[PDB]
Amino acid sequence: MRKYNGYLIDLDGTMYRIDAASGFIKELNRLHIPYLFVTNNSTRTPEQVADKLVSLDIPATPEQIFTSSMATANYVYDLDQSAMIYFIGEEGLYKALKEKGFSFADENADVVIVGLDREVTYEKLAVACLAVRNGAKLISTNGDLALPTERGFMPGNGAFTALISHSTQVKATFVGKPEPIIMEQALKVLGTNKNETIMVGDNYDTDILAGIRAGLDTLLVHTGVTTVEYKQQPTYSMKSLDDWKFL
């Protein structure tokens, strides 16, 4: 029997930016090991994310995708199902919140959720600040400061979360990586125990650190952010997924 029969796999620079990941996933299916993709992305729906993976010869279904949008929508539901919500974000966050059946408000909201909105305005940020000062909770989908695009490093959701927090002097509760919350939620979905599940990623600051705080073993592959060049080391560290022995 295997040591790890559960796999939480990162998308942000791990599954792509390559077909070394395709063979890795194919093998996981041949050994019939269940897995679940985890991403700090709060803009795309799971169906959208899954299609991008299939487009790169990577077996993925919408059910095998777990976003910070879904994790946040689940997390807030636990705190108060009748909570009226003001949110900043796009399609992905909006859908997940609506499927959960939340109502929506503005300055008089109970919970403020901060997701990436690449068309955010001063007024959108203003309503968020006003609601928080009225007593509303401040939740953020992810704390990523920079977003890698063709133009360069665009401002991430963490930066906009910083604005709101600074102006209101209220610290925010982050859901996505490296916070353990997104890992705890994904683990319930995957259905495997904490000691038989390993988190796979490329970035120590998000992926690896999320697994450690969650109590999960970690595999660090250098196909992304963190180079071979910290206080807690990952459980494993390799150049490629080709070096994984499926322990």
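Numbering starts at 1 and runs along the sequence shown.
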property	result
Between neighbours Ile18 and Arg17, residues that the deposited sequence lists but the model omits	4 to 9
Segment of higher mean CA temperature factor, 71 to 79 or 164 to 172	71 to 79
Given 154 to 162 and 83 to 91, the range whose Cα B-factors average higher in the PDB entry	83 to 91
From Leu53, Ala214, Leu220, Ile198, residue of greatest CA B-factor	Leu53
Entry-reported Cα temperature factor of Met1, expressed as the chain third it lands in	highest
Third of the chain, ranked by Cα B-factor, where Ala210 sits	lowest
Assigned third (lowest, middle, highest) for the C-alpha B factor of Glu99	highest
